[PDB]
Structures are given as structure tokens and as C-alpha cells.
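Below is one structure; the comments refer to it alone.
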Amino acid sequence: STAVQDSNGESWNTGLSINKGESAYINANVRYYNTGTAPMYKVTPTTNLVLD
Amino acid sequence: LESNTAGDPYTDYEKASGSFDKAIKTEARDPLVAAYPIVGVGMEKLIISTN
Ligand SMILES: [Ca+2]
């Protein structure tokens, strides 16, 4: 018995991997302001960022 | 017989006169009360970010 097969296929695959540690990257949009009497030079504010 | 009796960086005149960093509490103007910061840190929350 002689037999001959010729299969041909096409695969698809869509993947998604995530870092539970670094799951997104934050980017703020801020506006400084001064209310007092004196001009400040080389302004450097420290910024507490609270979620809950 | 000492520049600074209390031992802190401020001399007896400085403490007595009250002519230093005025934010210092007033009792530290006594040349025997050490003008001396005592700083501890308090915990309020802890964040566990699993990687
Ligand atoms: Ca002295």
C-alpha cells in the first residue's frame, strides 16, 4: 500500500504579558504658584502622591 | 572655662543672649540646656507591590 498526505496549516497567536510590579508609568501635569512677598529662584518642590 | 558650656555648637553668650537661630525653643537659652534636636520617625503605612 502506497499512501501520500500533504497537510498545510496556518496559525495565529495574540499574546499579552504584564509586570504586576511596574504595571504603568505615571506622568503629571503641574503648575507652580507663589503667593508671598519674595521671588524664589531655582524652584524645587517635593511632591507627596497619595492614592487612597 | 569653656567656649560652649552646654557642649552644643552655640556658646554661652549666644544661648544667653538669644542671638542665634530664633526657632530654637526658649529654654535652650540656658547655657546648661542643650540646644539639641531629637528626631525619631513614625510609621503610618506599608505598601506591598508584588513583582
Ligand atoms: Ca563659658
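Summary of computed values
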| quantity | calculated |
| --- | --- |
| The protein assembly as shown: projected area of the alpha-carbon convex hull, averaged over directions, in nm² | 19.6 |
| 9 Å beta-carbon shell around B:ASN4, net charge (K/R +1, D/E -1) | -3 |
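All Cβ positions, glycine included, derive from the backbone under ideal geometry; neighbour counts span all protein chains shown. Bear in mind these aren't lab numbers, they're just calculated from the coordinates by the rules spelled out.
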